[PDB]
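Here we start with a single chain on its own, the form deposited in one PDB entry, put down as structure tokens.
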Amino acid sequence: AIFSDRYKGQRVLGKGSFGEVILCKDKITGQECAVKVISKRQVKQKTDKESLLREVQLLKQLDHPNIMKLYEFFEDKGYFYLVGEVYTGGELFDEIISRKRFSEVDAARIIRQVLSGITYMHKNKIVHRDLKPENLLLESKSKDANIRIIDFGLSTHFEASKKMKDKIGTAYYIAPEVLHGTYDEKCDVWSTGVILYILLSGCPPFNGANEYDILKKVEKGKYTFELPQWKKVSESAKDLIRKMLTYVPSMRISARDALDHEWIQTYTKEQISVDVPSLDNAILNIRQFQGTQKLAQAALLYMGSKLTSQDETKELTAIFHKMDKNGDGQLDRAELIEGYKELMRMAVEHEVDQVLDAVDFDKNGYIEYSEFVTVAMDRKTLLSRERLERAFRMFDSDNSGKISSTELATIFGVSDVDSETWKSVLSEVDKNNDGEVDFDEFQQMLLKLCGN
């Protein structure tokens, strides 16, 4: 059983935990699916293979409406291919930030689904460990949509990368016992409690300028309902949170018992009989929170893609150089395709043609391969550049066009860019920056922060 015999790649869905997720189509039935591809080289394995294979076969037999459905598993010399159901509703928080109203009832409905999925996985002795908002996908982009939890089972068998672009935003949700090494299924209740806290206040209970500051707060395990917006929240909501954020895991409430809590029972009634004050301050805070996380994430991805495109620019140039036996710097369509594939080994027809459209619209003859390389690599970094700009614009909620030094400090702290380093970089871009930057200056900073 070879993966490529059955599935063809259609389009990339993203780079989630442990590797790329590619939208694929069954070659016979047309069935679309989301395949997580884990590189055995890039990602280390924790357990023996037998244990991994058994857990995988178990997961194929489990079905729950709030857990991502796993269909199939493949393996070759380099990779694992995990074939899951594709969900098109995006990440929960990216929906939440577009809503005009949000109440305790909305929060309770969300958390009841998460707790239902978790309870079922815990019954089968499967622990997530890395539960966070990113792992809550929607079937459709609407507040009416079901939540599907992704990544159950992976933490037990795969080591997470320490690359900051991957470990960004993780510190808020991780249980203290996970930091110290002894953990069980209760760690998922803790992570869910942090998410619930954020839904109801828009602020993480354990917050900080950078990873270590956040982790230090999580380890001490102390948090409060001191913020003004907690006055708008029921005592019942707060009581559940206290049980879910109980430090010693044996004293911490179970996912199953959390489903039986008064708050869940009361606020998830299909008929909203209780007061429904919109948590307006929480929505504004959550928008700020999401915006900050997505911008820091986009910033790191942009720098990563800039480095990647630097390499591939040199490699592709060398590839074409070898093919340039004439030494005239010009190649035809055929040769450009071969070289583009030669780099890929280190759809293709159509991508080349998009480049040739800009270079030689008429296509009357040969193409300066140097001209080609630029446009080829330039447009390949488009997604990251456009996503960076979109994230900047979304973070800039008042449409000021600027981000302040306080905001830069938050964004770079989350990104693990050193305070003195980015300040120095700012000074070089704009000596009279006046404690704020526009998008262009922000982008210039990112470029200097990755050796450009």
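Each residue number is its position in the shown sequence, starting from 1. Superpose the two forms; the largest set of C-alphas matching within 1.5 Å is the rigid core.
- Among the other PDB entries of this protein that were compared and that flank it with modelled residues, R345 is left unmodelled in a third or more.
- Of the other entries compared for this protein that flank it with modelled residues, all give atoms for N135, so not even a third lack it.
- In the deposited sequence, the stretch from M346 to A347 hides 10 or more residues that have no coordinates.
- Between 381-389 and 403-411, the higher mean Cα B-factor belongs to 381-389.
- Judged by mean Cα B factor in the deposited record, 362-370 ranks above the other of 362-370 and 204-212.
- Residues shown: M121, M251, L245, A145. Highest C-alpha temperature factor in the entry: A145.
- Based on the entry's C-alpha B-factors, the most elevated value among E85, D184, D257, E338 belongs to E338.
- The deposited CA B-factor of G327 belongs to the highest third of values across its chain.
- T29: CA B factor lies in the middle third for its chain, per the PDB record.
- Ranked by C-alpha B-factor against the other modelled residues of its chain, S161 falls in the highest third.
- In this PDB entry, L62 carries a Cα temperature factor that places it within the middle third of its chain's modelled residues.
- Sort the chain's modelled residues by C-alpha temperature factor and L52 lands in the middle third, per the entry.
Only in words, not in the display: the form deposited in another entry, which the text now covers.
- Once the rigid core is overlaid between this form and the one not shown, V359 counts among the residues whose Cα shifts by 2 Å or more.
- After superposition on the rigid core, the Cα atom of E226 is displaced by less than 2 Å between this form and the one not shown.
- Between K143 and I198, the Cα spacing is larger in that other deposited form than in the shown form, differing by no less than 3 Å.
- Cα of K143 to Cα of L240: at least 3 Å longer in that other deposited form than in the shown structure.
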